[PDB]
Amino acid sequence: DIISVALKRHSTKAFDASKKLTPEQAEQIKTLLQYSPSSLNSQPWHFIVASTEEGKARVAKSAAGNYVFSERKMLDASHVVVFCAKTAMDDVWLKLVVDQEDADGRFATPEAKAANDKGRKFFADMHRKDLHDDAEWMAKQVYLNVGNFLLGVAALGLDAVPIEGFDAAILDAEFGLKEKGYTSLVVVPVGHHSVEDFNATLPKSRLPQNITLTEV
């Protein structure tokens, strides 16, 4: 059950390089990335899934020097996902979303499709023109995806760790993300922990609900 998963999962501090995802598992992690929800189904994201040694080494270049402890985790894990946000919400993307919803059969009529599109455009424009927060708004959706993904991979019986400890300017350059309209936010190595993962056996810790939670 899912509460067991939530209580037992942890941030892996060291991975066993010999233990690879199965082909089935490697497909499943892609499914999780794709099927996360997002505001307006805006899906303002790109994922880099590095499974080869040379692909993982390219991602690991982002932690060289200043984030050396992140470096090893990225090399040892089986698969390493880089979560990227769009840097701007263009109309081409908005049309791509609504056209895919139509292709998938979500609209009974042209009127329903046009209403969907107009609604999405309205809130997108608000973020960009009035709140001046479109980059942050899209980045929030990517973090939501990360949350979904962490729980998902734990439920599959896999180990992971989310990493903000990397140099996004280096990762961005390595993969030419700026020119493509994306920026890297979180790196998540996935695989199986080694005996050197001291965090596998430490108790979890969270603030008590009497501090963080009000019931009304």
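In case it trips you up, residue 1 is the first one in the sequence shown, and so on.
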Check your understanding: Quick one: higher average CA temperature factor, 196 to 204 or 13 to 21?
Key -> 13 to 21
Revision key, fill the gap. Higher avg CA temperature factor (133 to 141 vs 86 to 94, as deposited) belongs to 86 to 94
**Study point:** C-alpha B-factor winner, where the candidates are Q28, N66, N148, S39
**Key:** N66
Check your understanding: Lowest, middle or highest third: where is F175 by C-alpha B factor in its chain?
Key -> highest
Revision key, fill the gap. For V81, the third of its chain by CA B-factor is the lowest
Revision key, fill the gap. Temperature factor at the Cα of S184, chain-ranked in thirds, falls in the middle
Practice item. Using the B-factor values recorded in the entry, state whether the Cα atom of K56 falls in the lowest, middle or highest third among the modelled residues of its chain. Key: highest
Practice item. Report the third (lowest, middle or highest) to which the CA temperature factor of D104 belongs, ranking only the modelled residues of the same chain. Key: middle
